[PDB]
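Remarks on the structure that follows.
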Amino acid sequence: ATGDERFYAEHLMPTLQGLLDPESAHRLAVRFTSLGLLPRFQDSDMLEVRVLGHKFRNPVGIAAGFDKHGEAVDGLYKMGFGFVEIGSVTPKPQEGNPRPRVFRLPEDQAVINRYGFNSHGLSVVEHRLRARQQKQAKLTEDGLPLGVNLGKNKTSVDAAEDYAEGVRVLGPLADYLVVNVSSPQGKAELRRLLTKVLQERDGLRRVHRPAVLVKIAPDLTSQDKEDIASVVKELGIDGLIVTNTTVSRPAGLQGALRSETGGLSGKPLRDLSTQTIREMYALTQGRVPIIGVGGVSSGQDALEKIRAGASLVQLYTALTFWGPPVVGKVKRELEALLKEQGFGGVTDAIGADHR
Ligand SMILES: CCN(CCO)C(=O)Nc1cc(O[C@@H](C)C(F)(F)F)c(C(=O)Nc2c(F)cccc2Cl)cc1F
Ligand SMILES: Cc1cc2nc3c(=O)[nH]c(=O)nc-3n(C[C@H](O)[C@H](O)[C@H](O)COP(=O)(O)O)c2cc1C
Ligand SMILES: O=C(O)c1cc(=O)[nH]c(=O)[nH]1
């Protein structure tokens with residue numbers, strides 16, 4: 001462990017989190033990242049993964065929700081992420097829920113949020129990506145892809161049409177798109193929706209045609225997961241992001257704010273996510289790439305998700321407590337563990353628990 005990792009985790013982040021409300025802290029983080037104001041890990045070949053029609057120089061991505069409006073993409077690559085996912089972006093601008101809407105549970109290394117899809121909207125984000133479109137084309141070619149998580153407006157009558165709007169507007173600027181699914185006449189509704197998203201995707205010109213992934217929560221029933229796996233295979237959905245935050249409250253949470261409404265992220269989600277990855281990988285016969293997310297704050301965490309079936313991983317909440325150096329830390333620890341377990345690279349470890 002580096003000097004920076006320890007200073008940030010032991011001193012700087014606790015101090016900053018004690019001086020700032022959580023929403024301000026997140027806002028500040030976006031502004032510092034967008035300005036490239038970052039502590040200074042060369043990515044080995046062993047971290048490279050090929051999936052989703054793309055080289056990923058390393059398999060550690062930034063999860064959706066950090067950079068909701070696509071303001072900090074370049075700084076997120078500078079921070080050392082192998083890929084960046086922006087959003088969720090809704091079609092029209094919207095404010096999201098009233099404040100306060102994000103909460104730290106430092107004793108649990110957890111966050112609860114109820115942002116409510118606060119979004120600048122498609123049009124603002126489209127112009128923002130357009131301004132750096134060619135810079136991104138070089139980044140993607142260099143193994144640093146961009147994802148866009150697409151949302152729906154609060155008062156949308158037609159969810160499918162909102163996502164279709166997102167495909168049309170941001171699909172041409174993305175390497176991959178993500179649509180968040182909640183509980184599924186439910187399987188048929190999901191089919192109808194994903195059909196429409198794929199049809200819209202397929203209507204884009206070849207060079208501007210993104211992969212489509214479905215992101216799930218960890219709170220689905222067995223039946224919901226079976227149905228999602230079935231639909232995903234039937235329709236040729238390109239991948240799964242496993243998982244979003246949980247509405248559960250695992251026994252053992254200590255933070256005072258544990259009973260705040262919202263999604264819980266960070267360490268208490270970790271194993272629930274991993275086991276979701278495991279089930280989705282088995283239900284799709286290892287044929288659907290999975291991006292694994294939820295409580296990754298170490299190499300071990302990352303490797304457990306990979307071995308359970310993830311091709312790639314994302315983290316977000318760990319940044320709250322470790323700051324930017326966590327990115328280098330996870331990569332360094334993952335590489336070391338890959339070597340200790342006999343894997344030539346990340347690719348060999350994907351789904352290794354199932355074999
Ligand atoms: C719960 C509130 N949430 C959102 C969930 O995570 C939050 O607090 N998040 C959160 C904060 C961060 O830092 C707050 C303290 C800052 F910005 F005020 F220092 C950073 C972070 O990486 N900061 C950072 C940076 F961008 C560039 C250079 C140095 C630093 Cl230290 C990331 C985060 F995800
Ligand atoms: C403050 C906050 C905002 C989030 N916003 C989004 C979002 O807009 N769309 C989305 O798909 N996921 C969102 N997430 C979920 C993350 O993408 C991720 O799935 C979840 O936090 C689990 O990963 P983590 O434990 O590493 O944070 C958000 C998470 C947090 C903590
Ligand atoms: O904006 C939010 O509230 C949000 C969206 C999402 O997909 N996940 C989450 O935890 N929060």
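Following the order of the structure tokens, chains are lettered A, B, ..., residues in each are numbered from 1, and ligands are numbered from 1.
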Proximity check chain A to ligand 2, 6 Å, nearest pairs one decimal Å, only C-alpha atoms and all ligand atoms, as JSON lines:
{"residue": "A:63", "atom": "CA", "partner": "ligand 2", "partner_atom_place_in_ligand_line": "17 (O)", "distance": 4.2}
{"residue": "A:64", "atom": "CA", "partner": "ligand 2", "partner_atom_place_in_ligand_line": "17 (O)", "distance": 3.9}
{"residue": "A:65", "atom": "CA", "partner": "ligand 2", "partner_atom_place_in_ligand_line": "5 (N)", "distance": 3.1}
{"residue": "A:87", "atom": "CA", "partner": "ligand 2", "partner_atom_place_in_ligand_line": "8 (O)", "distance": 5.2}
{"residue": "A:88", "atom": "CA", "partner": "ligand 2", "partner_atom_place_in_ligand_line": "8 (O)", "distance": 3.9}
{"residue": "A:111", "atom": "CA", "partner": "ligand 2", "partner_atom_place_in_ligand_line": "31 (C)", "distance": 5.8}
{"residue": "A:113", "atom": "CA", "partner": "ligand 2", "partner_atom_place_in_ligand_line": "1 (C)", "distance": 5.2}
{"residue": "A:117", "atom": "CA", "partner": "ligand 2", "partner_atom_place_in_ligand_line": "8 (O)", "distance": 5.7}
{"residue": "A:243", "atom": "CA", "partner": "ligand 2", "partner_atom_place_in_ligand_line": "19 (O)", "distance": 5.2}
{"residue": "A:244", "atom": "CA", "partner": "ligand 2", "partner_atom_place_in_ligand_line": "19 (O)", "distance": 3.5}
{"residue": "A:245", "atom": "CA", "partner": "ligand 2", "partner_atom_place_in_ligand_line": "20 (C)", "distance": 4.6}
{"residue": "A:265", "atom": "CA", "partner": "ligand 2", "partner_atom_place_in_ligand_line": "25 (O)", "distance": 4.1}
{"residue": "A:266", "atom": "CA", "partner": "ligand 2", "partner_atom_place_in_ligand_line": "25 (O)", "distance": 3.6}
{"residue": "A:293", "atom": "CA", "partner": "ligand 2", "partner_atom_place_in_ligand_line": "23 (O)", "distance": 4.9}
{"residue": "A:294", "atom": "CA", "partner": "ligand 2", "partner_atom_place_in_ligand_line": "25 (O)", "distance": 3.5}
{"residue": "A:295", "atom": "CA", "partner": "ligand 2", "partner_atom_place_in_ligand_line": "25 (O)", "distance": 3.6}
{"residue": "A:296", "atom": "CA", "partner": "ligand 2", "partner_atom_place_in_ligand_line": "26 (O)", "distance": 5.3}
{"residue": "A:315", "atom": "CA", "partner": "ligand 2", "partner_atom_place_in_ligand_line": "26 (O)", "distance": 3.6}
{"residue": "A:316", "atom": "CA", "partner": "ligand 2", "partner_atom_place_in_ligand_line": "27 (O)", "distance": 3.9}
{"residue": "A:317", "atom": "CA", "partner": "ligand 2", "partner_atom_place_in_ligand_line": "27 (O)", "distance": 3.7}
**Prompt:** ligand 3: which residues are within 10 Å, counting only C-alpha atoms and all ligand atoms, as a VMD selection string?
**Reply:** chain A and resid 63 to 66 68 87 to 89 96 to 97 101 to 102 111 to 119 149 to 151 179 to 182 215 to 217 243 to 247 262 to 265
Please produce an output containing N, CA and C atoms for each residue in the selection, written as a tab-separated table (two decimals), in the first residue's frame.
chain	number	residue	atom	x	y	z
A	63	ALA	N	-18.96	3.01	-11.65
A	63	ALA	CA	-20.37	2.77	-11.74
A	63	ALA	C	-21.18	4.04	-12.00
A	64	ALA	N	-22.35	3.83	-12.59
A	64	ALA	CA	-23.31	4.88	-12.76
A	64	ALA	C	-23.63	5.55	-11.42
A	65	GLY	N	-23.98	6.83	-11.50
A	65	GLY	CA	-24.38	7.64	-10.35
A	65	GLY	C	-23.34	8.61	-9.82
A	66	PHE	N	-22.07	8.42	-10.19
A	66	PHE	CA	-21.03	9.31	-9.73
A	66	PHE	C	-21.10	10.53	-10.62
A	68	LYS	N	-23.36	11.61	-13.16
A	68	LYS	CA	-24.70	11.49	-13.70
A	68	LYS	C	-24.87	12.23	-15.01
A	87	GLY	N	-24.41	8.59	-16.16
A	87	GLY	CA	-25.84	8.55	-15.97
A	87	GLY	C	-26.19	8.08	-14.57
A	88	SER	N	-27.46	7.77	-14.31
A	88	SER	CA	-28.55	7.69	-15.27
A	88	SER	C	-28.97	9.03	-15.83
A	89	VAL	N	-29.26	9.06	-17.15
A	89	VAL	CA	-29.68	10.27	-17.81
A	89	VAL	C	-31.10	10.04	-18.21
A	96	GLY	N	-34.94	15.49	-9.39
A	96	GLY	CA	-34.82	14.33	-8.47
A	96	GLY	C	-35.49	14.61	-7.15
A	97	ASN	N	-35.21	13.83	-6.12
A	97	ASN	CA	-35.93	14.01	-4.84
A	97	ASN	C	-35.51	15.23	-4.04
A	101	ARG	N	-30.88	13.73	0.50
A	101	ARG	CA	-31.07	12.50	-0.29
A	101	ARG	C	-29.88	11.60	-0.49
A	102	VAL	N	-28.79	11.83	0.25
A	102	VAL	CA	-27.65	10.92	0.27
A	102	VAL	C	-27.01	10.93	1.63
A	111	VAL	N	-23.25	3.63	1.94
A	111	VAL	CA	-24.00	4.79	1.62
A	111	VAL	C	-25.45	4.36	1.40
A	112	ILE	N	-26.38	5.27	1.69
A	112	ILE	CA	-27.77	5.16	1.26
A	112	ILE	C	-28.04	6.40	0.45
A	113	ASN	N	-28.66	6.22	-0.70
A	113	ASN	CA	-29.05	7.36	-1.53
A	113	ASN	C	-30.49	7.21	-2.03
A	114	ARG	N	-31.15	8.35	-2.18
A	114	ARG	CA	-32.46	8.44	-2.83
A	114	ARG	C	-32.44	9.69	-3.71
A	115	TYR	N	-31.41	9.79	-4.57
A	115	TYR	CA	-31.31	10.91	-5.52
A	115	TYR	C	-32.55	11.10	-6.37
A	116	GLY	N	-33.19	10.02	-6.82
A	116	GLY	CA	-34.40	10.14	-7.61
A	116	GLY	C	-34.17	10.50	-9.08
A	117	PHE	N	-33.06	10.06	-9.62
A	117	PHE	CA	-32.69	10.36	-11.02
A	117	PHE	C	-32.61	11.84	-11.38
A	118	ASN	N	-31.97	12.61	-10.52
A	118	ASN	CA	-31.65	13.98	-10.86
A	118	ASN	C	-30.81	13.97	-12.14
A	119	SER	N	-31.22	14.72	-13.15
A	119	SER	CA	-30.55	14.62	-14.46
A	119	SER	C	-30.68	15.94	-15.19
A	149	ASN	N	-25.80	5.11	-18.90
A	149	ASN	CA	-26.94	4.52	-18.24
A	149	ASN	C	-28.11	5.45	-18.53
A	150	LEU	N	-29.20	4.88	-19.06
A	150	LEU	CA	-30.33	5.59	-19.52
A	150	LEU	C	-31.48	5.39	-18.55
A	151	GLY	N	-32.10	6.49	-18.16
A	151	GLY	CA	-33.19	6.49	-17.21
A	151	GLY	C	-34.46	6.99	-17.83
A	179	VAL	N	-29.88	-0.06	-19.46
A	179	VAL	CA	-31.27	0.13	-19.02
A	179	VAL	C	-31.41	-0.62	-17.69
A	180	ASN	N	-31.83	0.09	-16.65
A	180	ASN	CA	-32.16	-0.49	-15.33
A	180	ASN	C	-33.53	-1.16	-15.34
A	181	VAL	N	-33.56	-2.40	-14.86
A	181	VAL	CA	-34.82	-3.18	-14.75
A	181	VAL	C	-35.14	-3.31	-13.25
A	182	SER	N	-36.43	-3.20	-12.94
A	182	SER	CA	-37.04	-3.56	-11.60
A	182	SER	C	-38.02	-4.75	-11.80
A	215	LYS	N	-29.27	-3.70	-16.28
A	215	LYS	CA	-28.76	-3.59	-14.92
A	215	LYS	C	-29.88	-3.98	-13.96
A	216	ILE	N	-29.59	-4.88	-13.03
A	216	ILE	CA	-30.60	-5.34	-12.10
A	216	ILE	C	-30.25	-4.96	-10.70
A	217	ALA	N	-31.28	-4.88	-9.88
A	217	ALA	CA	-31.09	-4.77	-8.44
A	217	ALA	C	-30.78	-6.16	-7.86
A	243	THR	N	-24.71	-5.61	-9.46
A	243	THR	CA	-26.06	-5.09	-9.24
A	243	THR	C	-26.09	-3.62	-8.93
A	244	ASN	N	-27.34	-3.12	-8.98
A	244	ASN	CA	-27.68	-1.80	-8.43
A	244	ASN	C	-27.67	-1.87	-6.87
A	245	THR	N	-28.16	-0.83	-6.22
A	245	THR	CA	-28.20	-0.77	-4.78
A	245	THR	C	-29.35	-1.63	-4.31
A	246	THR	N	-29.37	-1.94	-3.01
A	246	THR	CA	-30.39	-2.72	-2.41
A	246	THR	C	-31.35	-1.86	-1.55
A	247	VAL	N	-32.63	-2.22	-1.58
A	247	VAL	CA	-33.65	-1.65	-0.73
A	247	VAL	C	-33.73	-2.41	0.58
A	262	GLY	N	-33.99	4.58	0.85
A	262	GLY	CA	-33.12	4.60	-0.28
A	262	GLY	C	-32.44	3.31	-0.57
A	263	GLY	N	-31.62	3.36	-1.58
A	263	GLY	CA	-30.73	2.30	-1.87
A	263	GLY	C	-29.43	2.31	-1.11
A	264	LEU	N	-29.10	1.16	-0.57
A	264	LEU	CA	-27.87	0.91	0.14
A	264	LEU	C	-26.80	0.30	-0.78
A	265	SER	N	-25.60	0.84	-0.66
A	265	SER	CA	-24.44	0.52	-1.41
A	265	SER	C	-23.26	0.33	-0.47
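Atom to atom, CA of residue 258 in chain A and CA of residue 26 in chain A stand 19.2 Å apart.
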For the interface of chain A with ligand 1 (cut-off 8 Å, counting only C-alpha atoms and all ligand atoms), please tabulate each contacting residue of chain A alongside its nearest pair of atoms and their separation in Å to one decimal, rows sorted by chain and increasing number, as CSV.
residue,atom,partner,partner_atom_place_in_ligand_line,distance
A:8,CA,ligand 1,31 (Cl),7.0
A:12,CA,ligand 1,31 (Cl),6.9
A:13,CA,ligand 1,15 (C),5.7
A:16,CA,ligand 1,15 (C),5.0
A:17,CA,ligand 1,15 (C),5.3
A:20,CA,ligand 1,18 (F),7.0
A:21,CA,ligand 1,2 (C),7.7
A:22,CA,ligand 1,2 (C),4.0
A:23,CA,ligand 1,2 (C),5.5
A:24,CA,ligand 1,18 (F),7.0
A:25,CA,ligand 1,18 (F),4.0
A:26,CA,ligand 1,7 (C),4.1
A:27,CA,ligand 1,17 (F),6.8
A:28,CA,ligand 1,17 (F),4.2
A:29,CA,ligand 1,17 (F),3.2
A:30,CA,ligand 1,26 (F),5.8
A:31,CA,ligand 1,26 (F),7.2
A:32,CA,ligand 1,27 (C),4.8
A:33,CA,ligand 1,26 (F),4.7
A:36,CA,ligand 1,27 (C),7.7
A:37,CA,ligand 1,28 (C),5.5
A:38,CA,ligand 1,28 (C),4.7
A:39,CA,ligand 1,28 (C),6.7
A:66,CA,ligand 1,34 (F),6.2
A:102,CA,ligand 1,1 (C),5.6
A:103,CA,ligand 1,1 (C),5.3
A:104,CA,ligand 1,1 (C),5.0
A:111,CA,ligand 1,1 (C),5.6
A:112,CA,ligand 1,1 (C),7.4
A:113,CA,ligand 1,1 (C),7.5
A:316,CA,ligand 1,6 (O),5.8
A:317,CA,ligand 1,6 (O),4.4
A:318,CA,ligand 1,6 (O),6.8
A:319,CA,ligand 1,34 (F),4.4
A:320,CA,ligand 1,10 (C),4.1
A:321,CA,ligand 1,10 (C),7.6
A:322,CA,ligand 1,22 (O),7.9
A:323,CA,ligand 1,22 (O),4.3
A:324,CA,ligand 1,22 (O),4.6
**Message:** Can you measure CA of residue 166 in chain A to CA of residue 34 in chain A for me? One decimal in Å is fine.
**Reply:**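 Computing it gives 23.4 Å between the two atoms.
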**Message:** For the structure I just gave you, how does DSSP split range 222-335 of chain A - specifically, which residues are helix (DSSP H, G or I)? Reply as a PyMOL selection string.
**Reply:** chain A and resi 222-235+267-283+299-308+318-322+326-335
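Compared by their closest atoms to residue 212 in chain A, and using only C-alpha atoms, the residues A:229, A:313, A:174, A:160 rank with A:174 nearest.
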**Message:** List the spatial neighbours of residue 253 in chain A as a ChimeraX atom specification - criterion: any atom at most 10 Å away, only C-alpha atoms, same-chain residues fewer than 4 positions off excluded.
**Reply:** /A:105,107-110,249,257-259,268
**CA of residue 91 in chain A to CA of residue 153 in chain A, straight-line distance in Å** =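 Interatomic distance, CA of residue 153 in chain A to CA of residue 91 in chain A: 6.5 Å.
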**Request:** Within 6 Å of residue 146 in chain A, counting only C-alpha atoms, which residues show up once you throw out same-chain ones fewer than 6 positions away? Write them as a PyMOL selection string, please.
**Result:** chain A and resi 83-85+174-175
**Prompt:** Out of range 134-184 of chain A, which residues get strand (DSSP E) from DSSP, as a PyMOL selection string?
**Reply:** chain A and resi 146-150+176-181
Write the residues of the selection above to a file with N, CA and C atoms, as a tab-separated table (two decimals), in the first residue's frame.
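Written output follows (result_12.tsv):
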chain	number	residue	atom	x	y	z
A	146	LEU	N	-16.70	3.94	-23.00
A	146	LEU	CA	-17.74	4.75	-22.34
A	146	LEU	C	-19.10	4.07	-22.40
A	147	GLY	N	-19.71	4.00	-21.24
A	147	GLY	CA	-21.05	3.55	-21.06
A	147	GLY	C	-21.96	4.68	-20.68
A	148	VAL	N	-23.23	4.55	-21.03
A	148	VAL	CA	-24.27	5.50	-20.66
A	148	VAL	C	-25.45	4.79	-20.12
A	149	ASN	N	-25.80	5.11	-18.90
A	149	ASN	CA	-26.94	4.52	-18.24
A	149	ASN	C	-28.11	5.45	-18.53
A	150	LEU	N	-29.20	4.88	-19.06
A	150	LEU	CA	-30.33	5.59	-19.52
A	150	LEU	C	-31.48	5.39	-18.55
A	176	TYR	N	-21.52	1.46	-24.84
A	176	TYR	CA	-22.59	0.65	-24.38
A	176	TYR	C	-23.62	1.50	-23.66
A	177	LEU	N	-24.87	1.02	-23.74
A	177	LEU	CA	-25.99	1.61	-23.08
A	177	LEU	C	-26.44	0.66	-21.98
A	178	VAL	N	-27.06	1.22	-20.93
A	178	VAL	CA	-27.61	0.46	-19.85
A	178	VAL	C	-29.01	0.91	-19.57
A	179	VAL	N	-29.88	-0.06	-19.46
A	179	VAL	CA	-31.27	0.13	-19.02
A	179	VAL	C	-31.41	-0.62	-17.69
A	180	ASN	N	-31.83	0.09	-16.65
A	180	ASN	CA	-32.16	-0.49	-15.33
A	180	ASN	C	-33.53	-1.16	-15.34
A	181	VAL	N	-33.56	-2.40	-14.86
A	181	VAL	CA	-34.82	-3.18	-14.75
A	181	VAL	C	-35.14	-3.31	-13.25
**Message:** Please list as a ChimeraX atom specification every residue within 7 Å of residue 197 in chain A, counting only C-alpha atoms and excluding residues in the same chain fewer than 5 positions away.
**Reply:** /A:163-164,167
Could you turn the residues from that selection into a file that holds C-alpha atoms, as a compact mmCIF listing (two decimals), in the first residue's frame?
# COMPACT_ATOMS: atom_id res chain seq x y z
CA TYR A 163 -35.43 4.52 -23.01
CA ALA A 164 -35.93 4.51 -26.79
CA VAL A 167 -30.96 5.10 -27.39
**Request:** Find the residues around residue 325 in chain A up to 10 Å (only C-alpha atoms counted), leave out those fewer than 6 positions away in its own chain, and share them as a ChimeraX atom specification.
**Result:** /A:1-9,38-41,79-80,319
I need the residues from that last selection saved to file as a tab-separated table (two decimals), in the first residue's frame (with C-alpha atoms), if you can.
chain	number	residue	atom	x	y	z
A	1	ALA	CA	0.00	0.00	0.00
A	2	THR	CA	1.05	3.41	-1.05
A	3	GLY	CA	1.40	6.47	1.09
A	4	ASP	CA	-1.49	8.14	-0.67
A	5	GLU	CA	-3.87	5.16	-0.05
A	6	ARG	CA	-3.26	5.34	3.64
A	7	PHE	CA	-3.34	9.14	3.95
A	8	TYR	CA	-6.64	9.32	2.03
A	9	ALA	CA	-8.37	6.48	3.92
A	38	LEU	CA	-5.97	14.09	-8.90
A	39	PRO	CA	-3.23	12.17	-7.03
A	40	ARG	CA	-0.73	10.72	-9.62
A	41	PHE	CA	0.01	2.23	-11.26
A	79	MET	CA	-8.20	8.36	-11.96
A	80	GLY	CA	-7.38	4.98	-13.56
A	319	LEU	CA	-14.54	6.29	-3.20
**Among listed residues A:120, A:130, A:50, A:332, nearest residue 170 in chain A (using only C-alpha atoms)** =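 Ranked by minimum distance to residue 170 in chain A, first place goes to A:130.
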**Item:** Surrounding residues of residue 301 in chain A excluding itself and chain neighbours under 5 positions, 12 Å, only C-alpha atoms, as a PyMOL selection string
**Value:** chain A and resi 60+266-267+269-271+273-274+292-296+306-308+310+313-315+318+329-331+333-334+337
**Asked** With only C-alpha atoms as the basis for distance, which of A:82, A:184, A:218, A:98 is at the shortest distance from residue 42 in chain A?
**Response**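 Result for the nearest residue to residue 42 in chain A: A:82.
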